[PDB]
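Structure first, commentary second.
Here, residue 1 is the first one in the sequence, and each next residue gets the next number. Values below: all heavy atoms of this structure, side chains included; hydrogens, waters and symmetry mates excluded.
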Amino acid sequence: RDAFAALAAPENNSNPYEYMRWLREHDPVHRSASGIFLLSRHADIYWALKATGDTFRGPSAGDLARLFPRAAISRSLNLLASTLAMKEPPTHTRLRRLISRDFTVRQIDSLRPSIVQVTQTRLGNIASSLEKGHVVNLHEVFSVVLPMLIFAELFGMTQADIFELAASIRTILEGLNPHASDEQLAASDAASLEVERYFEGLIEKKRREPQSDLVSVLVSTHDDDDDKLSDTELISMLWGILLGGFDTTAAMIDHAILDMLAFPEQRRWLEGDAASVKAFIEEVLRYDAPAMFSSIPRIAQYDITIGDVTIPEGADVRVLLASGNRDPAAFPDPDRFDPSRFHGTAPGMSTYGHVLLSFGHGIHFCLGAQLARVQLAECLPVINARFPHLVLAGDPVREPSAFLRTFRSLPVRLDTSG
Ligand code: HEM
(Lines give C-alpha, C1' and ligand atoms only; values in the text may rest on other atoms or scores of the structure.)
Protein backbone atom coordinates (compact mmCIF):
# COMPACT_ATOMS: atom_id res chain seq x y z
CA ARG A 1 0.00 0.00 0.00
CA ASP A 2 1.58 3.24 -1.23
CA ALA A 3 0.87 5.90 1.39
CA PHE A 4 0.72 8.74 -1.13
CA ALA A 5 -1.93 6.87 -3.13
CA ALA A 6 -3.74 5.79 0.04
CA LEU A 7 -4.00 9.46 1.07
CA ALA A 8 -5.34 10.48 -2.36
CA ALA A 9 -7.86 7.61 -2.44
CA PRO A 10 -11.57 8.42 -2.04
CA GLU A 11 -11.76 6.24 1.08
CA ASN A 12 -9.49 8.67 2.97
CA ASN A 13 -10.06 11.90 1.03
CA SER A 14 -12.67 13.20 3.50
CA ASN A 15 -10.95 12.30 6.80
CA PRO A 16 -7.38 10.98 6.32
CA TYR A 17 -6.45 11.19 10.01
CA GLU A 18 -7.34 7.62 10.96
CA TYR A 19 -4.98 6.40 8.23
CA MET A 20 -2.35 8.88 9.44
CA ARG A 21 -2.70 7.44 12.95
CA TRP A 22 -2.13 3.98 11.50
CA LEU A 23 1.02 5.21 9.74
CA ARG A 24 2.45 6.80 12.89
CA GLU A 25 2.07 3.53 14.83
CA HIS A 26 2.72 0.87 12.18
CA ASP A 27 4.83 2.43 9.39
CA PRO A 28 6.27 5.71 10.71
CA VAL A 29 9.19 5.73 8.23
CA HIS A 30 7.20 4.70 5.18
CA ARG A 31 8.99 3.87 1.93
CA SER A 32 6.65 4.51 -1.00
CA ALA A 33 6.59 2.60 -4.28
CA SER A 34 8.74 5.34 -5.83
CA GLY A 35 11.39 4.99 -3.11
CA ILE A 36 10.37 8.34 -1.59
CA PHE A 37 10.03 8.20 2.19
CA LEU A 38 7.20 9.72 4.23
CA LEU A 39 7.51 10.64 7.91
CA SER A 40 4.23 10.75 9.84
CA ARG A 41 5.29 11.26 13.48
CA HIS A 42 5.74 14.73 14.95
CA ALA A 43 9.14 13.83 16.41
CA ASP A 44 10.56 12.50 13.13
CA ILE A 45 9.03 15.36 11.12
CA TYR A 46 10.44 17.97 13.52
CA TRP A 47 13.91 16.41 13.36
CA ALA A 48 13.90 16.19 9.56
CA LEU A 49 12.79 19.81 9.17
CA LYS A 50 15.41 21.22 11.54
CA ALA A 51 18.13 19.00 10.03
CA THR A 52 17.53 20.43 6.53
CA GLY A 53 20.95 21.87 5.68
CA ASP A 54 23.19 19.42 7.54
CA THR A 55 21.67 15.95 7.15
CA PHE A 56 19.50 16.86 4.14
CA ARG A 57 20.41 18.86 1.05
CA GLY A 58 18.13 20.49 -1.46
CA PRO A 59 17.23 18.89 -4.76
CA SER A 60 19.93 18.71 -7.41
CA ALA A 61 19.43 19.23 -11.13
CA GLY A 62 19.25 15.44 -11.33
CA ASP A 63 16.70 15.22 -8.53
CA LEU A 64 14.38 17.73 -10.22
CA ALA A 65 14.87 15.88 -13.51
CA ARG A 66 13.71 12.65 -11.88
CA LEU A 67 10.84 14.40 -10.08
CA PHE A 68 9.68 16.17 -13.28
CA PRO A 69 10.75 13.88 -16.12
CA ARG A 70 8.37 15.36 -18.70
CA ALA A 71 9.51 18.94 -17.98
CA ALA A 72 13.19 18.29 -17.26
CA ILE A 73 14.55 21.05 -19.54
CA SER A 74 11.44 23.24 -19.67
CA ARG A 75 11.30 26.96 -18.95
CA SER A 76 8.71 26.13 -16.27
CA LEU A 77 10.91 23.74 -14.28
CA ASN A 78 13.80 26.20 -14.57
CA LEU A 79 11.62 28.90 -12.99
CA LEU A 80 10.53 26.58 -10.17
CA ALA A 81 14.12 25.45 -9.60
CA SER A 82 15.11 29.10 -9.10
CA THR A 83 12.67 29.62 -6.22
CA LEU A 84 13.79 29.91 -2.60
CA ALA A 85 11.91 26.71 -1.74
CA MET A 86 14.09 24.71 -4.16
CA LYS A 87 17.40 26.26 -3.04
CA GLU A 88 19.84 25.21 -0.32
CA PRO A 89 22.41 27.06 1.80
CA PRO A 90 24.41 29.13 1.33
CA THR A 91 22.58 30.41 -1.78
CA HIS A 92 19.26 29.96 0.03
CA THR A 93 20.67 31.92 2.97
CA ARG A 94 21.44 35.09 1.00
CA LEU A 95 18.15 35.06 -0.92
CA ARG A 96 16.16 34.55 2.28
CA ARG A 97 18.17 37.33 3.93
CA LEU A 98 17.46 39.80 1.13
CA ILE A 99 13.70 39.22 0.89
CA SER A 100 13.23 39.32 4.67
CA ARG A 101 15.07 42.65 4.81
CA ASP A 102 12.09 44.22 3.02
CA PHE A 103 9.26 41.67 3.49
CA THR A 104 8.89 42.54 7.16
CA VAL A 105 6.34 42.34 9.96
CA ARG A 106 5.77 46.09 9.60
CA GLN A 107 5.16 45.70 5.86
CA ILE A 108 2.62 42.94 6.51
CA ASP A 109 0.86 44.72 9.37
CA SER A 110 0.39 47.67 7.01
CA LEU A 111 -1.91 45.42 4.94
CA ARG A 112 -4.47 44.90 7.72
CA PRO A 113 -6.67 47.84 6.60
CA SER A 114 -6.77 46.48 3.05
CA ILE A 115 -7.69 43.05 4.42
CA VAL A 116 -10.72 44.48 6.24
CA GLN A 117 -11.61 46.64 3.22
CA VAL A 118 -11.54 43.67 0.83
CA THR A 119 -13.56 41.54 3.25
CA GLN A 120 -16.21 44.23 3.71
CA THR A 121 -16.54 44.74 -0.05
CA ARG A 122 -16.72 41.03 -0.90
CA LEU A 123 -19.19 40.21 1.88
CA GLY A 124 -21.19 43.27 0.84
CA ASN A 125 -21.35 41.87 -2.69
CA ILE A 126 -23.21 38.79 -1.40
CA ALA A 127 -25.14 40.33 1.51
CA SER A 128 -28.39 40.71 -0.43
CA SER A 129 -28.31 37.18 -1.88
CA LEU A 130 -27.70 35.72 1.58
CA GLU A 131 -30.45 37.91 3.02
CA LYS A 132 -32.89 36.52 0.43
CA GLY A 133 -32.32 32.99 1.78
CA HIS A 134 -30.03 31.87 -1.05
CA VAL A 135 -26.86 29.75 -0.97
CA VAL A 136 -23.38 31.09 -1.71
CA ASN A 137 -20.16 29.27 -2.60
CA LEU A 138 -18.04 31.20 -0.11
CA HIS A 139 -14.86 29.55 -1.42
CA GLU A 140 -15.22 30.96 -4.94
CA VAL A 141 -16.54 34.41 -4.02
CA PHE A 142 -14.21 35.04 -1.06
CA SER A 143 -11.64 32.44 0.00
CA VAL A 144 -9.72 32.39 -3.29
CA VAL A 145 -10.20 36.12 -3.93
CA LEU A 146 -8.92 37.72 -0.72
CA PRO A 147 -5.38 36.24 -0.88
CA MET A 148 -4.89 37.36 -4.49
CA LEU A 149 -6.20 40.88 -3.90
CA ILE A 150 -3.85 41.15 -0.92
CA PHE A 151 -0.96 40.03 -3.12
CA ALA A 152 -1.96 42.75 -5.60
CA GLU A 153 -1.82 45.36 -2.83
CA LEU A 154 1.47 43.91 -1.57
CA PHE A 155 3.24 43.93 -4.93
CA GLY A 156 1.69 47.13 -6.27
CA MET A 157 -0.26 45.41 -9.05
CA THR A 158 -3.72 45.80 -10.53
CA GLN A 159 -6.56 43.42 -9.75
CA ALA A 160 -6.64 42.48 -13.44
CA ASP A 161 -2.97 41.49 -13.36
CA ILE A 162 -3.06 39.27 -10.28
CA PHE A 163 -6.03 37.29 -11.60
CA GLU A 164 -4.21 36.83 -14.91
CA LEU A 165 -1.07 35.70 -13.07
CA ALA A 166 -3.08 33.25 -10.97
CA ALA A 167 -4.34 31.71 -14.21
CA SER A 168 -0.74 31.46 -15.43
CA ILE A 169 0.23 29.75 -12.17
CA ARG A 170 -2.62 27.30 -12.80
CA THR A 171 -1.33 26.52 -16.30
CA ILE A 172 2.29 26.18 -15.17
CA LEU A 173 1.35 23.81 -12.34
CA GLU A 174 -0.82 21.72 -14.66
CA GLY A 175 2.20 21.55 -16.96
CA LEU A 176 4.36 20.05 -14.20
CA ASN A 177 2.07 17.19 -13.18
CA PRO A 178 3.68 13.83 -14.03
CA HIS A 179 0.84 12.87 -16.40
CA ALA A 180 0.73 16.28 -18.13
CA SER A 181 0.35 16.18 -21.90
CA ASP A 182 2.71 17.74 -24.41
CA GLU A 183 -0.01 20.36 -24.88
CA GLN A 184 -0.04 21.29 -21.19
CA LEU A 185 3.77 21.44 -21.32
CA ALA A 186 3.68 23.90 -24.22
CA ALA A 187 0.91 25.90 -22.53
CA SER A 188 3.03 25.97 -19.37
CA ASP A 189 6.17 27.20 -21.16
CA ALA A 190 4.26 30.05 -22.80
CA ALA A 191 2.76 31.03 -19.44
CA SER A 192 6.22 31.02 -17.85
CA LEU A 193 7.29 33.39 -20.62
CA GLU A 194 4.22 35.49 -19.82
CA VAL A 195 5.00 35.63 -16.09
CA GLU A 196 8.66 36.52 -16.63
CA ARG A 197 7.76 39.29 -19.07
CA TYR A 198 5.19 40.66 -16.62
CA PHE A 199 7.60 40.86 -13.68
CA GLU A 200 10.35 42.39 -15.83
CA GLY A 201 7.91 45.14 -16.77
CA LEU A 202 6.67 45.46 -13.20
CA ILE A 203 10.26 45.72 -11.95
CA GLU A 204 11.17 48.39 -14.51
CA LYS A 205 8.06 50.47 -13.75
CA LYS A 206 8.59 50.61 -9.99
CA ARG A 207 12.28 51.41 -10.53
CA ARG A 208 11.56 54.63 -12.45
CA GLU A 209 8.43 55.52 -10.42
CA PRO A 210 8.78 53.87 -6.99
CA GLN A 211 5.64 53.57 -4.88
CA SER A 212 5.03 52.19 -1.37
CA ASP A 213 4.63 48.52 -2.35
CA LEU A 214 7.10 45.68 -1.73
CA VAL A 215 8.44 45.61 -5.30
CA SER A 216 9.32 49.31 -5.08
CA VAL A 217 11.20 48.72 -1.82
CA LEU A 218 12.94 45.67 -3.30
CA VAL A 219 14.18 47.44 -6.45
CA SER A 220 15.35 50.70 -4.86
CA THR A 221 18.60 51.23 -2.99
CA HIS A 222 19.20 50.35 0.65
CA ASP A 223 21.20 52.40 3.14
CA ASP A 224 22.84 49.67 5.22
CA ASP A 225 23.92 47.02 2.69
CA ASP A 226 24.54 47.49 -1.03
CA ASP A 227 23.53 43.86 -1.64
CA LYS A 228 20.23 43.36 -3.42
CA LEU A 229 18.30 40.84 -5.48
CA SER A 230 19.30 41.02 -9.13
CA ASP A 231 16.48 41.27 -11.67
CA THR A 232 16.60 37.52 -12.33
CA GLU A 233 16.54 36.80 -8.59
CA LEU A 234 13.69 39.30 -8.18
CA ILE A 235 11.55 37.64 -10.86
CA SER A 236 12.06 34.33 -9.07
CA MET A 237 11.39 35.68 -5.57
CA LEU A 238 8.10 37.31 -6.58
CA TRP A 239 7.06 34.21 -8.53
CA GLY A 240 7.84 31.91 -5.61
CA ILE A 241 6.04 34.22 -3.17
CA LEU A 242 2.90 33.95 -5.30
CA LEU A 243 3.29 30.19 -5.67
CA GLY A 244 3.67 29.82 -1.91
CA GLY A 245 0.42 31.72 -1.37
CA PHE A 246 -1.52 30.04 -4.21
CA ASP A 247 -4.32 27.74 -2.94
CA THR A 248 -2.73 27.39 0.52
CA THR A 249 -4.15 30.63 1.95
CA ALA A 250 -7.58 30.05 0.40
CA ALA A 251 -7.61 26.54 1.90
CA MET A 252 -6.73 27.95 5.32
CA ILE A 253 -9.66 30.37 5.03
CA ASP A 254 -12.01 27.58 3.93
CA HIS A 255 -10.89 25.40 6.85
CA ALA A 256 -11.31 28.27 9.32
CA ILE A 257 -14.85 28.95 8.09
CA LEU A 258 -15.63 25.24 8.30
CA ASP A 259 -14.30 25.09 11.87
CA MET A 260 -16.44 28.08 12.84
CA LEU A 261 -19.55 26.36 11.48
CA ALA A 262 -18.82 22.88 12.86
CA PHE A 263 -17.86 24.24 16.30
CA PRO A 264 -20.13 27.27 16.87
CA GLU A 265 -19.17 27.23 20.57
CA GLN A 266 -15.64 28.28 19.52
CA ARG A 267 -16.66 31.42 17.60
CA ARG A 268 -16.34 33.25 20.93
CA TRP A 269 -12.59 33.27 20.24
CA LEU A 270 -13.12 35.40 17.12
CA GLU A 271 -14.98 38.03 19.19
CA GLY A 272 -12.13 38.63 21.65
CA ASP A 273 -8.91 40.60 21.76
CA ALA A 274 -6.02 40.02 19.37
CA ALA A 275 -4.58 37.15 21.42
CA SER A 276 -7.98 35.43 21.37
CA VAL A 277 -8.36 35.61 17.58
CA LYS A 278 -4.81 34.35 17.04
CA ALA A 279 -5.52 31.31 19.22
CA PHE A 280 -8.48 30.25 17.08
CA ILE A 281 -6.41 30.60 13.91
CA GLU A 282 -3.47 28.60 15.27
CA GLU A 283 -5.88 25.77 16.09
CA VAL A 284 -7.35 25.97 12.59
CA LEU A 285 -3.81 25.40 11.32
CA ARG A 286 -3.16 22.47 13.67
CA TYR A 287 -6.53 20.74 13.22
CA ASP A 288 -6.34 20.64 9.40
CA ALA A 289 -3.03 21.55 7.81
CA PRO A 290 -4.02 23.38 4.60
CA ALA A 291 -0.84 21.77 3.25
CA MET A 292 -0.86 18.07 4.08
CA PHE A 293 2.70 17.38 2.89
CA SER A 294 5.98 19.05 2.16
CA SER A 295 6.60 19.65 -1.53
CA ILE A 296 10.25 20.64 -0.96
CA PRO A 297 12.43 17.57 -1.65
CA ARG A 298 14.84 16.72 1.18
CA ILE A 299 17.72 14.55 -0.01
CA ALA A 300 19.76 12.37 2.33
CA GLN A 301 23.42 13.41 2.42
CA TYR A 302 24.35 9.90 3.59
CA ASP A 303 22.85 6.62 4.73
CA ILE A 304 20.42 7.67 7.47
CA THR A 305 18.71 5.48 10.05
CA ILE A 306 15.45 6.29 11.83
CA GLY A 307 15.08 3.42 14.24
CA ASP A 308 16.34 0.40 12.31
CA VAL A 309 14.99 1.72 8.98
CA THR A 310 17.71 2.86 6.58
CA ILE A 311 17.22 5.87 4.31
CA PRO A 312 20.04 5.62 1.74
CA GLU A 313 22.17 8.47 0.49
CA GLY A 314 20.36 10.40 -2.24
CA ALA A 315 16.89 9.30 -1.10
CA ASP A 316 13.98 11.75 -1.06
CA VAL A 317 12.19 12.24 2.27
CA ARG A 318 8.84 14.00 2.66
CA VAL A 319 6.92 14.85 5.83
CA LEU A 320 3.21 14.48 6.63
CA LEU A 321 2.79 17.80 8.42
CA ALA A 322 -0.92 17.21 9.03
CA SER A 323 -0.15 13.93 10.79
CA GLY A 324 2.38 15.49 13.15
CA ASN A 325 -0.20 18.11 14.11
CA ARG A 326 -2.43 15.26 15.35
CA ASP A 327 0.35 13.31 17.09
CA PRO A 328 -0.78 12.75 20.71
CA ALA A 329 2.85 12.88 21.88
CA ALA A 330 2.88 16.54 20.79
CA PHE A 331 -0.81 17.48 21.20
CA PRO A 332 -2.96 15.69 23.80
CA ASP A 333 -6.51 14.85 22.71
CA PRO A 334 -5.39 15.67 19.15
CA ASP A 335 -8.80 15.16 17.51
CA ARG A 336 -10.37 17.94 19.62
CA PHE A 337 -10.60 21.44 18.14
CA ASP A 338 -9.48 23.50 21.15
CA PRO A 339 -8.09 27.02 20.60
CA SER A 340 -6.77 27.19 24.18
CA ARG A 341 -3.69 25.18 23.13
CA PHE A 342 -2.20 28.39 21.68
CA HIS A 343 -3.75 31.13 23.84
CA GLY A 344 -1.14 33.64 24.98
CA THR A 345 1.81 31.73 23.51
CA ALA A 346 4.21 32.56 20.71
CA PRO A 347 2.75 31.89 17.25
CA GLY A 348 2.85 28.20 16.41
CA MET A 349 3.76 27.14 19.97
CA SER A 350 1.43 25.26 22.32
CA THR A 351 1.14 25.90 26.05
CA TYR A 352 3.12 22.66 26.53
CA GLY A 353 6.00 23.78 24.29
CA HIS A 354 5.16 21.80 21.14
CA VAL A 355 5.12 23.46 17.71
CA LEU A 356 2.46 22.98 15.07
CA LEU A 357 3.97 21.96 11.75
CA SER A 358 1.54 23.54 9.26
CA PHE A 359 4.20 26.10 8.27
CA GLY A 360 7.27 23.86 8.46
CA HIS A 361 10.29 24.43 10.66
CA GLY A 362 13.91 25.44 10.23
CA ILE A 363 15.42 27.24 7.26
CA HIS A 364 12.50 26.69 4.84
CA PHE A 365 9.88 27.79 7.38
CA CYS A 366 7.05 29.44 5.45
CA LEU A 367 8.12 32.91 4.37
CA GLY A 368 4.45 33.94 4.34
CA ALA A 369 3.43 32.52 7.72
CA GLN A 370 2.77 35.97 9.20
CA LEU A 371 1.02 37.14 6.03
CA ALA A 372 -1.37 34.18 6.13
CA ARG A 373 -2.00 34.55 9.86
CA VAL A 374 -2.75 38.27 9.57
CA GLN A 375 -5.16 37.73 6.67
CA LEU A 376 -7.24 35.31 8.73
CA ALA A 377 -6.91 37.35 11.93
CA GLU A 378 -8.52 40.31 10.14
CA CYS A 379 -11.08 38.67 7.84
CA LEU A 380 -12.51 36.02 10.18
CA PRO A 381 -13.90 38.35 12.90
CA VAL A 382 -15.40 40.46 10.11
CA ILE A 383 -17.15 37.44 8.60
CA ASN A 384 -18.29 36.22 12.02
CA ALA A 385 -19.80 39.60 12.94
CA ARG A 386 -21.46 40.39 9.60
CA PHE A 387 -23.37 37.07 9.42
CA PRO A 388 -23.90 35.73 12.96
CA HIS A 389 -26.39 33.08 11.80
CA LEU A 390 -24.24 31.81 8.92
CA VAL A 391 -24.62 28.04 8.52
CA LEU A 392 -23.31 25.34 6.22
CA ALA A 393 -25.81 24.89 3.38
CA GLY A 394 -24.48 21.55 2.13
CA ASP A 395 -21.47 19.30 2.04
CA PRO A 396 -18.29 21.08 0.88
CA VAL A 397 -16.97 19.60 -2.36
CA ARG A 398 -13.26 18.85 -2.00
CA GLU A 399 -10.91 19.72 -4.86
CA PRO A 400 -8.41 16.91 -5.61
CA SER A 401 -4.89 18.14 -4.86
CA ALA A 402 -1.73 16.06 -4.58
CA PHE A 403 -0.77 17.56 -1.22
CA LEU A 404 -3.32 20.26 -0.30
CA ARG A 405 -6.68 19.89 1.44
CA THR A 406 -8.42 22.27 -0.96
CA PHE A 407 -12.12 22.82 -1.65
CA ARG A 408 -14.02 23.52 -4.85
CA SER A 409 -17.12 24.78 -3.02
CA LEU A 410 -17.96 25.88 0.52
CA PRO A 411 -21.74 26.36 0.36
CA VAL A 412 -23.14 28.65 3.05
CA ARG A 413 -26.51 30.22 3.78
CA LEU A 414 -28.21 32.17 6.55
CA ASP A 415 -30.39 30.32 9.05
CA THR A 416 -34.06 30.86 8.17
CA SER A 417 -36.15 30.79 11.37
CA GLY A 418 -38.89 33.43 11.53
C1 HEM B 1 -2.13 28.89 4.84
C2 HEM B 1 -1.18 29.36 4.04
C3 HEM B 1 0.21 28.69 3.91
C4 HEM B 1 0.66 27.52 4.37
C5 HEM B 1 -0.13 26.47 5.19
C6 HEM B 1 2.05 27.39 3.96
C7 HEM B 1 2.90 26.34 4.22
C8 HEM B 1 4.25 26.30 3.93
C9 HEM B 1 5.19 25.27 4.33
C10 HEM B 1 4.82 24.03 5.16
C11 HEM B 1 6.40 25.59 3.85
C12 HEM B 1 7.71 24.79 4.03
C13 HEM B 1 7.54 23.39 3.45
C14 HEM B 1 8.80 22.58 3.65
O15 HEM B 1 9.70 23.01 4.41
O16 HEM B 1 8.89 21.49 3.04
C17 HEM B 1 6.28 26.85 3.13
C18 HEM B 1 7.30 27.52 2.48
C19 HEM B 1 7.20 28.74 1.84
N20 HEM B 1 6.08 29.54 1.79
FE21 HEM B 1 4.25 29.06 2.58
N22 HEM B 1 2.40 28.52 3.25
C23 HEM B 1 1.29 29.34 3.20
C24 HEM B 1 1.18 30.57 2.60
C25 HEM B 1 2.22 31.29 2.05
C26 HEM B 1 2.18 32.68 1.69
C27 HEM B 1 0.97 33.63 1.88
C28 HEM B 1 3.37 33.02 1.20
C29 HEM B 1 3.75 34.43 0.70
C30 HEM B 1 5.02 34.86 0.78
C31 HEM B 1 4.21 31.83 1.22
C32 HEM B 1 5.52 31.72 0.78
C33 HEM B 1 6.38 30.67 1.06
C34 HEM B 1 7.76 30.57 0.63
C35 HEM B 1 8.51 31.61 -0.22
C36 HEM B 1 8.25 29.42 1.10
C37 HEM B 1 9.69 28.89 0.89
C38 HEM B 1 10.54 29.36 2.07
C39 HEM B 1 11.94 28.79 2.00
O40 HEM B 1 12.13 27.74 1.33
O41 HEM B 1 12.86 29.36 2.62
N42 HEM B 1 3.47 30.79 1.74
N43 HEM B 1 4.96 27.24 3.20
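Judged by distance alone, the side chain of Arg70 and the main-chain N or O of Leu176 form no donor-acceptor pair under 3.5 Å. Although no hydrogens or angles enter the test, the distance criterion places a donor-acceptor pair under 3.5 Å between the side chain of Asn12 and the main chain of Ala6. Formation of a donor-acceptor pair under 3.5 Å by the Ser100 side chain with backbone atoms of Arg96 is found in this model. Between the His26 side chain and the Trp22 main chain, a donor and an acceptor come within less than 3.5 Å of each other. Between the side chain of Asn137 and the backbone N or O of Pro411 there is no donor-acceptor pair closer than 3.5 Å. A distance-only check finds no donor-acceptor pair linking the side chain of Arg398 to the backbone of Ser409 [under 3.5 Å]. Formation of a donor-acceptor pair under 3.5 Å by the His222 side chain with backbone atoms of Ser220 is found in this model. Side-chain atoms of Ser32 come within 3.5 Å of backbone atoms of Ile36 as a donor-acceptor pair (strictly under, hydrogens ignored). The backbone N or O of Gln184 sits less than 3.5 Å from a side-chain atom of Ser181, completing a donor-acceptor pair. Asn177 places no side-chain N or O within 3.5 Å of a backbone atom of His179 that could act as its donor or acceptor partner.
Between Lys206 and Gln211 the shortest side-chain heavy-atom distance falls below 4.5 Å. For the pair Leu149/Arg122, a side-chain contact is recorded, criterion being any heavy-atom separation below 4.5 Å from C-beta on. Counting heavy atoms from C-beta outward, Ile169 and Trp239 have side chains that approach closer than 4.5 Å. Here the side chains of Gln107 and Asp102 are not in contact, with every heavy-atom distance at 4.5 Å or above. With a 4.5 Å cut-off on side-chain heavy atoms, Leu98 and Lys228 do not count as touching. Between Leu238 and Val215, some side-chain heavy-atom pair lies under the 4.5 Å cut-off. Between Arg112 and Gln375 the shortest side-chain heavy-atom distance does not fall below 4.5 Å. Taking 4.5 Å as the limit, every side-chain heavy atom of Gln301 sits out of range of all side-chain heavy atoms of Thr55.
In this pair, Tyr46 and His42 present their aromatic rings parallel. The plane angle is below 30°, not in the 30 to 60° band.
The environment of CD in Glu18 is sparse: at most 12 heavy-atom neighbours from other residues, nucleotides or ligands sit within 6.0 Å. Under a cut-off of 6.0 angstrom, the local environment of CZ in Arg386 is sparse, with at most 12 non-hydrogen atoms contributed by other residues, nucleotides or ligands. In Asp227, the CG atom is crowded: over 12 heavy atoms of neighbouring residues, nucleotides or ligands sit closer than 6.0 Å. Summarising the local packing, CZ of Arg75 is surrounded by 12 or fewer heavy atoms from other residues, nucleotides or ligands at distances under 6.0 Å. Under a cut-off of 6.0 angstrom, the local environment of NE2 in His134 is crowded, with over 12 non-hydrogen atoms contributed by other residues, nucleotides or ligands. Within 6.0 Å of the CZ atom in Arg267, the count of heavy atoms belonging to other residues, nucleotides or ligands exceeds 12.
Put simply, NE2 on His30 and CZ on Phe4 are 6.5 Å apart, with the number rounded to the nearest 0.5 Å. The line from OG of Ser40 to CG of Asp27 is 7.5 Å long, rounded to the nearest 0.5 Å.
When the side-chain contact (heavy atoms from CB on, under 4.5 Å) test is applied to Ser168, the partners found at least two apart in sequence or on another chain are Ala191, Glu194, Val195.
Under a 4.0 Å N-O distance rule, the pair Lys87/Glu233 does not qualify as a salt bridge. Ion pairing between a basic and an acidic side chain is recognised when a charged N comes within 4.0 Å of a carboxylate O; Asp63 and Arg66 show such pairing. Between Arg341 and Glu283 there is a salt bridge, with a side-chain nitrogen of the basic residue lying less than 4.0 Å from a carboxylate oxygen of the acidic one.
The minimum heavy-atom distance linking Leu7 with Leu38 is given by the pair CD1-CD2, 4.5 Å. Minimum heavy-atom separation, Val382 to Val116: CG2-CG1, 4.2 Å. Considering every non-hydrogen atom in both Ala377 and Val277, the closest pair reads O-CG1, 3.6 Å. The heavy-atom pair separating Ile383 from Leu123 by the smallest distance is CA-CD1, 3.8 Å. The minimum heavy-atom distance linking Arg326 with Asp288 is given by the pair NH2-OD2, 4.2 Å. Residues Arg286 and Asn325 come closest through the heavy atom pair NH1-O, 3.0 Å.
Donor-acceptor pairing under 3.5 Å is lacking for the side chains of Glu174 and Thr171. Side chains of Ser230 and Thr232: a donor-acceptor N/O pair is absent below 3.5 angstrom, by distance only. Using modelled atom types, one finds a donor on one side chain and an acceptor on the other under 3.5 Å when comparing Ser192 with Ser76. Side-chain atoms of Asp303 and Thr310 form no donor-acceptor pair, as typed in the model, at a separation below 3.5 Å. Defined by atom type and a distance below 3.5 Å, a donor-acceptor pair is present between the side-chain atoms of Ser216 and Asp213.
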Take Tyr17 and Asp335 through the side chain to side chain donor-acceptor pair (under 3.5 Å) test and state the conclusion after the steps.
-> CA-CA 9 Å; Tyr17 290 98; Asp335 295 330; over 6 Å; no
Evaluate side-chain contact (heavy atoms from CB on, under 4.5 Å) for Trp269 paired with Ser340, printing each intermediate quantity in order.
-> CA-CA 9 Å; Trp269 290 93; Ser340 70; 4.3 Å; yes
Kindly determine whether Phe337 and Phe280 satisfy ring pair (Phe, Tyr, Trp, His ring centres under 6.0 Å), including the steps that lead there.
-> CA-CA 9 Å; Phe337 183 91; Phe280 189 88; 5.2 Å; yes
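For the ring pair (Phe, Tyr, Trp, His ring centres under 6.0 Å) with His255, the qualifying choice from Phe263, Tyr287, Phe407 is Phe407, the only one to do so.
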